[PDB]
Amino acid sequence: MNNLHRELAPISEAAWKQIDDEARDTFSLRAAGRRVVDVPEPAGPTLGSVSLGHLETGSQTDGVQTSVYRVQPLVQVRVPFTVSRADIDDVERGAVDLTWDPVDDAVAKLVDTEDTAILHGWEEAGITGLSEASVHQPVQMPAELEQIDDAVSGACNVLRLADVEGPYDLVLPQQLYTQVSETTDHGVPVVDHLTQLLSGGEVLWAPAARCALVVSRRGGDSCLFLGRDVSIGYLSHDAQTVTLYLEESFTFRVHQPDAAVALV
Amino acid sequence: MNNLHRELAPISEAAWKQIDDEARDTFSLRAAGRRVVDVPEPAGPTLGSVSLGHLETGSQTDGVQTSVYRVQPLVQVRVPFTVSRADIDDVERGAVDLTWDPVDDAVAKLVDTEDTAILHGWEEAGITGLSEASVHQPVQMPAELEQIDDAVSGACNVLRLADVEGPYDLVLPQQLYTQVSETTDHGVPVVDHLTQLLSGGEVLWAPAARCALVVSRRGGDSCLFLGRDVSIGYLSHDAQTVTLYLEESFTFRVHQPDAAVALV
Amino acid sequence: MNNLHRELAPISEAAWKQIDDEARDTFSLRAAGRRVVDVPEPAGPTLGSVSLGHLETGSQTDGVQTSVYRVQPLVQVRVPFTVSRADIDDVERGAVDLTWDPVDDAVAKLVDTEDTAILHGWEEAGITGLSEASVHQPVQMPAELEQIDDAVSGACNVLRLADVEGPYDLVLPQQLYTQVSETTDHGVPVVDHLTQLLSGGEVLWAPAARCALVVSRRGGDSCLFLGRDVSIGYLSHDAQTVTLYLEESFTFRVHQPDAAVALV
C-alpha cells in the first residue's frame, strides 16, 4: 500500500487494466508539450525542488558573508473523476463497449494544464513557459495560410542567427493544424514545404496549445522535471460510483530562452 | 454429408471447382465492409448468439433479486441461384468460356446485404451499422470534389479529438470513388493528398455502400461475428438446370461508436 | 479482486471458512432438483445465453432470405443477507457455537428459487420446468398413502410406453416424504416397494418442491446450464453488521418432455 490506495477500491483487475490503458493511451495521444522538451527519468515523490545553480545577494556582517541558494519547488496536480460501478462490473462480465468518458476528461484536463505550463507558463507554480521565456520578438504570420512558409522561414532564420541550430519542431493549435493540412496551394500541400524548412523537424498537433511556436530539438534547452508520474489513485466510493484521481508532480525550466520563438 | 447436400447435386468436380472459384473471387472483389471491421475465425453453425456483457433491470421479490443477461442472436442469409446443366457438362468437355452470371448475381446480393448491415445497419437482424452507431455529427462535403480534402481533414480532426487515433480508412461509393480518382486538381491527383491525410490509411472502393465514411483501423472498435462462412449448398435440380444457394450466418456489433464518422 | 469484493469485507479467514462451509453444506443438503437433472461444468460469468438449435420464420425480400437463430438468455440470482461482526470476531477467539441463521436463510431462498425453476418453471427467466414441459397427463394418487405404489406403477408404465426407460427417481415434498416413510402397510414399509418399482431409482426428499414427480435418470433429458456457480460476495458493512450476498447465474432446459411425469 502506497499513497494510491488502489487495493481499497472496489474495482476488479480487468477494470483496473482497462482504466489504466484508457488513461495512458489518452495521455499519449493528447500530450504534445512533452515531445518538444527533455523529459528525464522520474525521481519520485520524495523530490521536492530543483536547484537553479544561482545564489541571491549576500549580506555581510563582520567577516561573515552569507548567501542563499536559489531553488524552484515542484508542484503536484490532482484531477479527480467519478466512474460507474455498473461499468466496473460489466468489465468482468465481458463488456467491451465501455467508454471511460470521465477518465478521458480527467486526462484532457491534466494534459491541458501540463501543456499550458510547458509552452506558456503557469505563474502559480513558478513556471515560465517557452513562449514567455523567449528573447526573440514574435514572428508575424501572413494571412490565407499559403504564406505560412514565410513566417516559418523567418523563425528558422532568427533561430539560426541566434546560433541555436538543430532540427526545429513547429507546434500548432489543433484548428490551425487542420487548416494548414487542408491548405493545398497549387495542388501541393504546404506541409511538405514546412517540413523541408524545419530542417528535418515536424509539425505537431497540439489541441491544448493556444499559440503556435517553433522550438529547436538539439537538446538541453528546456527540461520537465518529474517526481511522481501520471498515476491513478483511489479516493472514495458509494453504492453506485467510485471516485478516483490522476496525480502528477512536476516542474518545468527553460535553460536557453533563445531556442524557441512564438509565431503570432 | 453436412447440411450442404453437395454430393446429391448432379455437378462434376471440375464444375464444382469452377463455381467455388468464381464465387470466392467475386466475394473477395466485391466485399468491402469486411476490410474495415475485425473478422475473427468463424465458430460454426452451432453458435447462435453473442453476449453483450450487460444485464437488464432486475426485479426484486423477497430477498431474491433476478436479472436477465443481454444477448444478440445471429441471423443466417440464404441466396438461391440457378445454373445450367449444359454449362456443367461443358466444364468437363473443356469449356473455359463459361460466365457464371447467376453465381455472380448471388454473390453480389450477398455482399450488398452484408455490407449494408455492416456499414449502415439492418434493423431486421438487430444490427446497428457504423453509420447509425456514430456519436459524431456528419461532416459536410464541399462541392466540385477538389475540396473533399477539407471534409477528410475535418473527419480526421473529429476522430483525433475523440481520442480515437489509428490509421483511418475512407470508404466511398463506387461512383464517388471514380469521380475522386478522375479529379486531378492542378494536375495533382487528390488521392495522394487523401492518403496523406488518412495517416497511412487507404481509400476503399465500395459499390455496395451508399454512404461515404471514415473508420479508424486501430482495432477493437467493431466486430463481425461469423458462424457458418460463405458456402454453396444444393437445393434441387431439373432435367435442364440445377438450383444452388449461398449461405452465411453472421452478426455485427460496434463497441466504440466514436471510431467512425459518416461524410454526407 | 473479482466482482466479489471479498478482500474488502472486514471478515477474518477463519470466519470466511466457516461461512463458506455452512453455505455449501446447507446448499448440498437442501438442493434436490440438481440430482434429477444433468449439471455440466460451469462455464463462467462471460456466458450469457444457450442456443436452442432452431430458427425463426424467415422473411423473404428479393433473392435474400433471412432467418433468426433462437436462444435462451441466462439469469443471475442474488440473495443478500446480513451477518454479525460480533460473531465474526468470536470466530477467531474460538467460538464454535455460532449458528449462521442468515446464511442458512439465504441458502434456503436460493435453493427454493432454483428448485422451483428446475421442477416447475419460473416464467420470469423464460424457464419451463419438468412439470410444465410434460406431455404426459398427471397420474392420480390414491388416498391413505398405502396405495401410492399404484400411482408409482402407473407413472413407470407411462414412461415405459413412452420409450423413456432408465432408472426412475421419485421426487416428493418433505411432508409427503415423511408420511410415506412413516407409512408401514402390513408392517412392511412402502419405501422398499417404491424402490423396487423405481427400477433401481430412489425417493428424493425435496422440501422446496411443492409437487411430486417421477423423472427418468438415463441422461440427456434435461440440463441446468450454469455460468457463475454459488458464491458469496461482499456488499457493504457497518460498525455492527456486514452485508454479504449469494450469487448464481443459470438457466434450465428440457430436451425430452416425456421423461418426467407429475403425480398429483
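Basis: the model, the stated rules and, where named, an outside source; no laboratory instrument gave them. As a convention, Cβ positions derive from the backbone with ideal geometry for all residues, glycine included, and neighbour counts pool all protein chains shown.
Give me the residue from region C:88-125 that is under 30 Å from C:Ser222 (Cβ atoms) and not in a helix (DSSP H, G or I) and, out of that set, farthest from the other protein chains (Cβ to nearest Cβ). Spell out how you get there, then give the answer.
Filtering region C:88-125 down to residues under 30 Å from C:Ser222 (Cβ atoms) leaves C:103-125.
In the following step, the residues that additionally are not in a helix (DSSP H, G or I) were identified as C:120-125.
Working: C:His120: 15, C:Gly121: 14, C:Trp122: 8, C:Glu123: 12, C:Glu124: 6, C:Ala125: 7 Å.
Among residues in region C:88-125 that are under 30 Å from C:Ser222 (Cβ atoms) and not in a helix (DSSP H, G or I), the one farthest from the other protein chains (Cβ to nearest Cβ) is C:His120.
Determine if region C:168-178 includes at least one residue that is closer than 19 Å to C:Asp192 by Cβ and touching a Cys at 6+ places or on another chain (Cβ under 7 Å). Explain how you work it out, then say what you get.
The initial filter retains those residues of region C:168-178 that are closer than 19 Å to C:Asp192 by Cβ, namely C:168-172, C:176-178.
Now drop any that are not touching a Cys at 6+ places or on another chain (Cβ under 7 Å), which leaves C:168.
Checked region C:168-178: at least one residue is closer than 19 Å to C:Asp192 by Cβ and touching a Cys at 6+ places or on another chain (Cβ under 7 Å).
Look through region B:23-76, keep the residues that are among the aliphatic types (A, V, I, L, M) and over 30 Å from C:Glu124 (Cα atoms), and return whichever of them is surrounded by the fewest Cβ atoms within 10 Å (Cβ to Cβ).
So, considering only residues that are among the aliphatic types (A, V, I, L, M) and over 30 Å from C:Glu124 (Cα atoms), the one surrounded by the fewest Cβ atoms within 10 Å (Cβ to Cβ) is B:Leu29.
Residues C:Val135, C:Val158, C:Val152, C:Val171: which one is within 22 Å of C:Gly33 (Cβ to Cβ), part of a loop (DSSP other than H, G, I, E, B) and assigned by CATH to the domain that holds C:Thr195? Don't jump to the end; show me each part of the working.
Details: C:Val158 fails: part of a loop (DSSP other than H, G, I, E, B); C:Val152 fails: part of a loop (DSSP other than H, G, I, E, B); C:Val171 fails: part of a loop (DSSP other than H, G, I, E, B).
After ruling out the rest, the residue left standing is C:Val135.
For region B:247-260, how many residues are in a strand (DSSP E or B), buried (at least 20 other Cβ atoms within 10 Å of the Cβ) and either within 14 Å of chain A (Cβ to nearest Cβ) or out of contact with any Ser or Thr (no Cβ under 7 Å at 6 or more places or on another chain) (or both)?
Initially, region B:247-260 is screened for residues in a strand (DSSP E or B), giving B:247-254, B:260.
Among the residues that remain, those that are also buried (at least 20 other Cβ atoms within 10 Å of the Cβ) are: B:247-252, B:254, B:260.
Next, from what is left, pick out any that are either within 14 Å of chain A (Cβ to nearest Cβ) or out of contact with any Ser or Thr (no Cβ under 7 Å at 6 or more places or on another chain) (or both): B:248-252, B:254, B:260.
Going through region B:247-260 one residue at a time, the tally reaches 7.
With respect to the numbered conditions (1) in contact with a helix residue (DSSP H, G or I) (Cβ under 6 Å, 6 or more places away or on another chain); (2) within 14 Å of chain B (Cβ to nearest Cβ); (3) closer than 24 Å to C:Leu224 by Cα, which one is the sole condition not fulfilled by C:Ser51?
With (1) in contact with a helix residue (DSSP H, G or I) (Cβ under 6 Å, 6 or more places away or on another chain); (2) within 14 Å of chain B (Cβ to nearest Cβ); (3) closer than 24 Å to C:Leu224 by Cα applied to C:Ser51, the lone miss is (1).
Of all residues in region B:125-152, count the ones that are within 22 Å of A:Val111 (Cβ to Cβ) and buried (at least 17 other Cβ atoms within 10 Å of the Cβ).
Narrowing region B:125-152 to residues within 22 Å of A:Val111 (Cβ to Cβ): B:135-136.
Add one more test, that the residue is buried (at least 17 other Cβ atoms within 10 Å of the Cβ), and what stays is B:136.
Residues in region B:125-152 being within 22 Å of A:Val111 (Cβ to Cβ) and buried (at least 17 other Cβ atoms within 10 Å of the Cβ): 1 in total.
So which residues in region C:5-22 are buried (at least 19 other Cβ atoms within 10 Å of the Cβ) and either within 14 Å of chain A (Cβ to nearest Cβ) or of a type outside the set (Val, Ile, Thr) (or both), if there are any at all? Can you show your working first?
First pass over region C:5-22, keeping only residues buried (at least 19 other Cβ atoms within 10 Å of the Cβ): C:9, C:11, C:15, C:18-19.
Those that are buried (at least 19 other Cβ atoms within 10 Å of the Cβ) and either within 14 Å of chain A (Cβ to nearest Cβ) or of a type outside the set (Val, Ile, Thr) (or both): C:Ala9, C:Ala15, C:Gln18.
State which residue is nearest to the other protein chains (Cβ to nearest Cβ) when the search covers only region C:29-48 and only residues that are under 25 Å from B:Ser67 (Cβ atoms) and of a type in the set (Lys, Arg).
By that ranking, first place goes to C:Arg30.
Return the only residue of C:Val135, C:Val152, C:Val158, C:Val139 being under 19 Å from C:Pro189 (Cα atoms), touching a residue at least 60 places away in the same chain (Cβ under 8 Å) and not small (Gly, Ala, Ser). Break it down stepwise before answering.
Numbers: C:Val135 fails: under 19 Å from C:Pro189 (Cα atoms); C:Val158 fails: under 19 Å from C:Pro189 (Cα atoms); C:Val139 fails: under 19 Å from C:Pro189 (Cα atoms).
The conditions single out C:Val152.
State whether one or more residues within region B:204-214 are among the small types (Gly, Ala, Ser), within 29 Å of A:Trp205 (Cα to Cα) and more than 14 Å from chain A (Cβ to nearest Cβ).
To start, the set of residues in region B:204-214 that are among the small types (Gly, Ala, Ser) comprises B:206, B:208-209, B:212.
Narrowing further to those that are within 29 Å of A:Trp205 (Cα to Cα): B:212.
Applying the additional criterion that residues be more than 14 Å from chain A (Cβ to nearest Cβ) yields B:212.
Checked against the condition, which is being among the small types (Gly, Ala, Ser), within 29 Å of A:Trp205 (Cα to Cα) and more than 14 Å from chain A (Cβ to nearest Cβ), region B:204-214 yields at least one hit.
Residues of region C:90-104 being in contact (Cβ under 8 Å) with a residue 60 or more places away in the chain and either in contact with a strand residue (DSSP E or B) (Cβ under 8 Å, 6 or more places away or on another chain) or within 22 Å of C:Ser231 (Cα to Cα) (or both), which ones?
C:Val91, C:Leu98, C:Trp100, C:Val103, C:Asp104
Considering region C:56-77 alone, what residues qualify as being outside any loop (DSSP other than H, G, I, E, B), more than 7 Å from every other protein chain (Cβ to nearest Cβ) and in contact with a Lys or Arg (Cβ under 8 Å, 6 or more places away or on another chain)?
Within region C:56-77, just C:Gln72 meets the criteria.
Tally the residues that are buried (at least 24 other Cβ atoms within 10 Å of the Cβ) and β-branched (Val, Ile, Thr), restricting the search to region B:196-216.
So the answer is 2.
Give me a count of the residues in region B:1-48 that are in contact with a helix residue (DSSP H, G or I) (Cβ under 9 Å, 6 or more places away or on another chain), assigned to a loop (DSSP other than H, G, I, E, B) and among the small types (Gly, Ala, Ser).
4
Do you know which residues across region B:188-237 are without any contact (Cβ under 8 Å) to a residue 24 or more places away in the chain and in the same structural domain as B:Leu8 (by CATH)? Can you show your working first?
So the first thing to find is which residues in region B:188-237 are without any contact (Cβ under 8 Å) to a residue 24 or more places away in the chain, and the list is B:188-189, B:191-192, B:195-196, B:236.
B:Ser236 - this is the single residue of region B:188-237 that is without any contact (Cβ under 8 Å) to a residue 24 or more places away in the chain and in the same structural domain as B:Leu8 (by CATH).
Confirm whether C:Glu114 is charged (D, E, K, R), crowded, with 19+ Cβ neighbours inside 10 Å, in contact with a helix residue (DSSP H, G or I) (Cβ under 7 Å, 6 or more places away or on another chain) and farther than 18 Å from C:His237 by Cβ.
Spelling it out, C:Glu114 is indeed charged (D, E, K, R), crowded, with 19+ Cβ neighbours inside 10 Å, in contact with a helix residue (DSSP H, G or I) (Cβ under 7 Å, 6 or more places away or on another chain) and farther than 18 Å from C:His237 by Cβ.
So, in region C:168-180, exactly how many residues are farther than 16 Å from C:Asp149 by Cα and touching a residue at least 24 places away in the same chain (Cβ under 8 Å)?
Total meeting the criteria: 2.
So if I check each of A:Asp185, A:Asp169, A:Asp150, A:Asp163, which one is more than 25 Å from the chain's Cα centre (by Cα) and either within 26 Å of B:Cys156 (Cα to Cα) or within 14 Å of chain B (Cβ to nearest Cβ) (or both)?
On the way: A:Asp169 fails: more than 25 Å from the chain's Cα centre (by Cα); A:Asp150 fails: either within 26 Å of B:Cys156 (Cα to Cα) or within 14 Å of chain B (Cβ to nearest Cβ) (or both); A:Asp163 fails: either within 26 Å of B:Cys156 (Cα to Cα) or within 14 Å of chain B (Cβ to nearest Cβ) (or both).
Checking each option against the conditions leaves just A:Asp185.
Yes or no, residue by residue, for (1) out of contact with any helix residue (DSSP H, G or I) (no Cβ under 8 Å at 6 or more places or on another chain); (2) in a helix (DSSP H, G or I); (3) surrounded by fewer than 20 Cβ atoms within 10 Å (Cβ to Cβ); (4) not hydroxyl-bearing (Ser, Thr, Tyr):
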| site | (1), (2), (3), (4) |
| --- | --- |
| C:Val164 | no, no, no, yes |
| C:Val191 | no, yes, yes, yes |
| C:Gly219 | yes, no, yes, yes |
| C:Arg228 | yes, no, no, yes |
